[PDB]
Amino acid sequence: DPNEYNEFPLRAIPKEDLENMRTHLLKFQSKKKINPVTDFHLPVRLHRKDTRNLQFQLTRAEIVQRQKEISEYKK
Amino acid sequence: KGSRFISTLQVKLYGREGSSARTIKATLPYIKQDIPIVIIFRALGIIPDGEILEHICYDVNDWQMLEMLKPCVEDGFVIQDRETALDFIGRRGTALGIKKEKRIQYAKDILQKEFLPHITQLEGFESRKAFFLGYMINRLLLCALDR
Amino acid sequence: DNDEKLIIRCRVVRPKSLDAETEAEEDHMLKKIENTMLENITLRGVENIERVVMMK
Amino acid sequence: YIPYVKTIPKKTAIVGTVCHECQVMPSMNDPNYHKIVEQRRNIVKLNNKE
Amino acid sequence: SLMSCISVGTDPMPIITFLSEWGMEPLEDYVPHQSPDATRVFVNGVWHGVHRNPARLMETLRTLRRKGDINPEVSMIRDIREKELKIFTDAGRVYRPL
Amino acid sequence: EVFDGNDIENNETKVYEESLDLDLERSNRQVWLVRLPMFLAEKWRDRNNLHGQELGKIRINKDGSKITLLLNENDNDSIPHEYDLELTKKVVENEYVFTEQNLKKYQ
Amino acid sequence: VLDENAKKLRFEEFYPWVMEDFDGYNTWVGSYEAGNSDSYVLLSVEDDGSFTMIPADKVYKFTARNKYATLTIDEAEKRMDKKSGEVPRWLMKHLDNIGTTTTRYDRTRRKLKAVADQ
Amino acid sequence: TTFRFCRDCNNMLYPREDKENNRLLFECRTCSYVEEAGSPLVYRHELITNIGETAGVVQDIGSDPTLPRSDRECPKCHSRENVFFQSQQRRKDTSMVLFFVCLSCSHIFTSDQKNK
Ligand SMILES: [Zn+2]
Ligand SMILES: [Zn+2]
């Protein structure tokens, strides 16, 4: 066939970096456009935690502010 | 294959044709109370009302079926989160061992292993349960609408 | 009767006092009275009389 | 607010954004074709239980 | 009746795998508003997914059963009006030859 | 790997020796989500394989609208050597890939 | 006796993934999906036109949480009971003005502004 | 009725009245989003309905073997082959009017001669 296309190689990722590493798929369920690179306010955290009472838990910004006053109070 | 027990799920359309508000309530095992379908849908991970209706009606122009579904979304208006819905289900459960913290997890197991078991009983299949539940409700509405 | 389509138009009149809370349910109240206007209205006849047929 | 939430920190990193969803289907004109069909038929033909 | 028989039932898993490999879209990504023509596929009363070309799928299933690839007792029903495709493999169904 | 919650005492500074914020640096990387057939997915997802060898090539028409996969001759002439990569969704949104690994527990 | 794989999955998925930004504006909770967890494969495009192969492990579905000041179970249960014929159509708006049932984003912004003022 | 849904959270919108302009607005009961209405109709109740008479018509309706065939003329392509079926409404108040589907253009017509 004529060279009217673009062909690129496909090589497997080395397995030396796949050990102790898990690659999952994240799916945002919404009708709008969600992009943590620009939409979210950095820094961002993606951890595992209990969802019980997920309405009165201190926001990451709050702990930073509370840490500042705690340091001032202790000093 | 596996347990040979039978669990029955009933979806009831309360009210008569001359009523001003006809809501649909579903019966779950070990709950003692008829729950609105919207609460069950939210407990399965679909909080938006638009998504819930999309699971029931597969046509965007079938306003007649949507009009009959509007009372359901109004009934479960005050519950609009997965965690809140799960706790509502747990409190109705007939266990009285869960004090205040294991209620959500207790309801989670009921919706997983005792709700529509013939699809599956393993964790991570909420989407199938929600879609099948919508199919049952959709068939119920079709009969009620003389379709 | 001469009209091609037979239509009845109804409007509810509010009192002198203004109810700011009823505006949310204003349409709902209309949905209520119309339903009762379809069922609880006896245009003519005796109650519990479904249908009448003439026989000779 | 609540003073304890009992989180479980982990090291995470976003290593790409999905742009295309694809479905690989063998070419029907491929010389090695009509062997997958036989393999697919063997799936239902197989009787593992004894 | 004289020619009536009762099925003994078989494992439905092989059929489910076969359906998936032939384009049965899983139910975890089925958006009704983006494909209002797909036929719902049921196996033993379990909604496993949807298909975009039910006519071609039914032809393949029918041929396999007739040639002897799928157990003859398996019942396949295509409700064109309701856009549903039901496959029954459980035991206890009364059937007869034609 | 249980750990405290709100952490108003600032215990993560010594318990963990690495930043706990997810690395939002590699997100600008195109990825193709591909569902594979049973025969192909059974030999490509095995951890006793995937040593970095060239499994094939992808060919894209200059004008697009048609993609094809060409495997190498390492399949033992037992499976098709040409596949048609069908784009079920030309535009994909709200989908991302994130990794997961444990953190250093000392200092 | 329980299958080992399920027990690990149950323990692993006992606490779902939670993604939160610094300011709490966005709060997404992930849910595990098993329908197509192991049937997917990723192709990463290198910076030279090549493709890299990575097997897929799991699929997580993330839904936004606490974006419009949801009520509590006790508050929700009280309204459902026959305290009134029907819930007010604009009940959420009414309680928004009273100040009760705020959001984490607003709850954090007000506290932060309460410190910047001094 | 043309139900409208919210744009920010996909919740069901509801009608609201604004006295500043005496117009009609659609507002969300949960996320405080507004949208101007396009039509003045918000509720529709149908005692006698003809919706669903031709429910179940698909691109491959002719492939059904059970459906009867007829020799009626399709008044859009001048064809003789077609499949006909009665109304799908199960209420015991509907007439026996037939509905014909043409296997050449998928055009749906009726044998009614009273109202059409
Ligand atoms: Zn909204
Ligand atoms: Zn015609």
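*Asks:* Got a sec to walk through the overall build of chain B? Specific residues and values, please.
*Replies:* Summing up its helical and strand segments, chain B has six helices and three strands in all. The N-to-C order of helical and strand elements in chain B reads β-β-β-α-α-α-α-α-α. The C-alpha radius of gyration of chain B comes to 15 Å, within 12% of the 15 Å expected for a compact globule of 147 residues. Each of the three principal axes of chain B carries a C-alpha extent, and together these read 45 × 35 × 25 Å. The buried share of chain B, taken over its 147 residues, is 59%. For chain B, restricting intrachain contacts to residue pairs at least 6 apart in sequence, the fraction spanning at least 24 positions comes to 56%. Charge separation in chain B, taken as the distance between the mean sites of 22 positive and 19 negative side-chain charges, equals 9 Å.

*Asks:* I'd love a proper account of the coordination of the zinc ion (ligand 1), names of residues and values included.
*Replies:* Residue and element names in this part refer to chain H. Taken together, the protein donors to the zinc ion (ligand 1) comprise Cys6 (SG), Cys9 (SG), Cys28 (SG) and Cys31 (SG), at separations of 2.3 Å. Note that the zinc ion (ligand 1) binds four donor atoms; their angles at the metal cover 104 to 112°, and the shape is tetrahedral. Here the donor residues for the zinc ion (ligand 1) map to a single chain with the spacing C-x2-C-x18-C-x2-C. A residue is classified by how much of its surface remains accessible, and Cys6, at 0% relative accessible area, is buried.

*Asks:* Let's hear about the coordination of the zinc ion (ligand 2): which residues, and what values?
*Replies:* Residue and element names in this part refer to chain H. At 2.3 Å from the zinc ion (ligand 2) lie its protein donor atoms, namely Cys74 (SG), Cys77 (SG), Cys102 (SG) and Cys105 (SG). The coordination sphere of the zinc ion (ligand 2) comprises four donor atoms, whose angles at the metal cover 107 to 111°; the geometry is tetrahedral. When the donors of the zinc ion (ligand 2) are listed by position in the chain, the intervening gaps give C-x2-C-x24-C-x2-C. The exposure class assigned to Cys77 is partly exposed, which follows from its relative accessible area of 28%.

*Asks:* How would you sum up the packing of aromatic side chains? Please name residues and give values.
*Replies:* In total, this model carries 24 aromatic pairs over all chains according to the counting rule given. On the numbers, 6.2 Å between centres and 45° between planes, the contact of A:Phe8 with G:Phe51 is tilted. Placement of the pair is A:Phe8 in strand 1 (residues 5-12) and G:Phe51 in strand 4 (residues 51-55), with the two residues belonging to separate chains. The class for A:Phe8 is partly exposed, based on a relative accessible area of 25%. For G:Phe51, a relative accessible area of 3% corresponds to the buried category. Taking 5.5 Å as the distance between ring centres and 75° as the angle between the ring planes, the aromatic pair formed by G:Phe14 and G:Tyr15 counts as edge-to-face. A relative accessible area of 36% means that G:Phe14 is categorised as partly exposed.

*Asks:* How would you summarise the arrangement of the chains if you had to cite specific residues and measurements?
*Replies:* Sorting the 20 pairs of chains in contact by contact count puts chains D and F at the top. Between chain B and chain F there is no contact; the minimum C-alpha to C-alpha separation amounts to 16 Å. A gap remains between chain D and chain H, which never touch, and the nearest two C-alpha atoms on either side lie 23 Å apart.

*Asks:* Tell me about the interface of chain G and chain B, residues and numbers included.
*Replies:* Of the residues lining the interface, 23 residues belong to chain G; the matching set on chain B comes to 21 residues. Carbon and sulfur atoms supply 54% of the area buried between chain G and chain B, which totals about 2,100 Å² over both sides. It is G:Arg65, G:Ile73 and G:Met80 in chain G that bury the most area against chain B; as a group they hold 27% of the surface buried on that side. In this structure, G:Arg65 and B:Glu83 form a salt bridge, with 2.9 Å as the shortest nitrogen-oxygen distance. At the surface where chain G touches chain B, the tally comes to six residue pairs in polar contact. It is helix 2 (residues 73-80) of chain G that contributes the most residues to the side of chain G that touches chain B, five residues altogether. When grouped by side-chain class, the residues that make up the side of chain G that touches chain B number twelve nonpolar, four polar and seven charged.

*Asks:* So, the interface of chain D and chain F: which residues are in play, and what are the values?
*Replies:* The interface of chain D with chain F comprises 31 residues on the first partner and 51 residues on the second. Summed over both partners, the interface of chain D with chain F comes to about 4,400 Å²; 56% of that surface belongs to carbon and sulfur atoms. By the criterion of area lost to chain F, the three top residues of chain D are D:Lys11, D:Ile14 and D:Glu21, representing 18% of everything that side buries. The interface formed by chain D and chain F holds two salt bridges in total. We note a salt bridge from D:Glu21 to F:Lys89, for which the minimum N-O separation is 3.8 Å. Taken together, the connections running from chain D to chain F amount to 32 residue pairs in polar contact. Elements supplying a minimum of two residues to the side of chain D that touches chain F: strand 1 (7-8), strand 2 (11-26) and helix 1 (36-45) of chain D. The class makeup of the residues in the side of chain D that touches chain F is 17 nonpolar, nine polar and five charged.

*Asks:* How would you explain helix 1 (residues 60-74) of chain A if you had to name every residue and give the values?
*Replies:* Over its 15 residues, helix 1 of chain A extends 21 Å from the first C-alpha to the last, a length consistent with the 21 Å expected when each residue adds 1.5 Å. The inward-facing, buried residues of helix 1 of chain A abut helix 4 (104-116) of chain G.

*Asks:* Go over unusual backbone geometry with me, naming the residues and quoting the values.
*Replies:* The linkage connecting A:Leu42 with the following residue, A:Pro43, adopts the cis geometry, with an omega of 0°. Relative to the assigned elements, A:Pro43 resides in the loop between strand 2 (22-28) and strand 3 (44-49). Unlike most non-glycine residues, B:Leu96 shows phi in positive territory, near 55°. Turning to its location among the elements, B:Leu96 is positioned in the loop between helix 4 (82-92) and helix 5 (103-113). The phi angle at F:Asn94 is positive, at roughly 65°, despite the residue not being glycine. The residue F:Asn94 is located in the loop between strand 4 (82-89) and strand 5 (95-101) in this model.

*Asks:* Break down the nonpolar core for me, citing the residues and quoting the values.
*Replies:* Core analysis: the biggest nonpolar cluster contains 65 residues, and B:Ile37, B:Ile89 and E:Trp47 have the highest contact counts within it. In terms of residue count, helix 6 (residues 126-144) of chain B provides more of this core than any other element does, eight residues in total. Those residues in contact with B:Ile89 that lie beyond four places of it in its chain are B:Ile31, B:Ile35, B:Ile39, B:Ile40, B:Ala107 and B:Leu111. The next biggest cluster of nonpolar side chains, apart from the first, holds 43 residues, and it includes F:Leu33, F:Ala41, G:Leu42 and G:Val59.

*Asks:* Go over a negative patch on the surface with me, naming the residues and quoting the values.
*Replies:* Together, A:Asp1, A:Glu4, F:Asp63 and F:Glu82 give the surface a local cluster of negative charge. With respect to the helices, strands and loops of the structure, A:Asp1 is situated in the segment before strand 1.

*Asks:* So, the sheet that holds strand 5 (residues 82-86) of chain H: which residues are in play, and what are the values?
*Replies:* Residues and elements named next belong to chain H. Sheet architecture is open: four strands sit in the order 4-5-6-7, paired in antiparallel fashion. Either end of the sheet is taken by a strand with one partner, and the two such strands are strand 4 (69-70) and strand 7 (108-110). Here strand 6 (residues 98-102) runs beside strand 7; their pairing, made up of three bridges, is antiparallel. When the sheet's bridge partners are listed, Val101 is paired in strand 7 with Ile108.

*Asks:* So what's going on with the sheet that holds strand 6 (residues 84-88) of chain E? Which residues, and what values?
*Replies:* Reading across from one edge, 2-4-3-6-5 (chain E) is the order of the five strands in this open sheet, with mixed pairing throughout. Sheet topology places strand 2 (25-26) and strand 5 (75-79) of chain E at the edges, where each strand pairs with a single neighbour. Bridging between strand 3 (residues 39-43) of chain E and strand 4 (residues 46-51) of chain E involves five bridges; their strand directions are antiparallel. Bridging across to strand 4 of chain E, E:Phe42 finds its partner in E:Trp47. Together, strand 3, strand 4 and strand 6 of chain E form the strand contacts of helix 6 of chain B, whose direction differs from that of strand 4 of chain E by roughly 90°.

Cut-off values and rules
Residues numbered from 1 in each chain as written, not as in the entry; some residues may be left out. Chains lettered and ligands numbered in written order. Part of a larger assembly, values for the part shown. Heavy atoms only, no water. Helix = DSSP H or I, 4+ residues; strand = E, 2+ residues; numbered from the N terminus. Rg over C-alpha atoms; globule rule 2.2 N^0.38 Å. Buried < 20%, exposed > 50% of the residue type's maximum accessible area, 1.4 Å probe, protein only. Contact = heavy atoms within 4.5 Å. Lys, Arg positive; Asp, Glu negative; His and termini not counted. Charge placed at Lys NZ, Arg CZ, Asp CG, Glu CD. Donors = N, O, S within 2.8 Å, 3.2 Å for Na, K, Ca; no water. Tetrahedral: all angles 85-135°; square planar, octahedral: opposite > 155°, others 65-115°. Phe/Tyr/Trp six-rings, centres within 6.5 Å; stacked < 30°, edge-to-face > 60°. Buried area = accessible area lost by both parts, 1.4 Å probe. Salt bridge = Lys/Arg side-chain N within 4 Å of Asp/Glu carboxyl O. Polar contact = N/O pair within 3.5 Å; in protein donor to acceptor, adjacent residues only side chain to side chain. Nonpolar A, V, L, I, M, F, W, Y, C, P; charged D, E, K, R; others polar. Expected span 1.5 Å × (residues − 1). Core = buried A, V, L, I, M, F, W, Y, C linked by side-chain atoms within 4.5 Å. Patch = residues over 30% accessible without salt bridge, like charges linked within 9 Å, V, L, I, M, F, W, Y side chains within 5 Å. Areas by Shrake-Rupley, 256 points an atom, 1.4 Å probe, with all protein chains shown as cover. Pairing = 2+ DSSP bridges. Axes fitted to C-alpha atoms, helices over the stretch in contact; angles between N-to-C directions.

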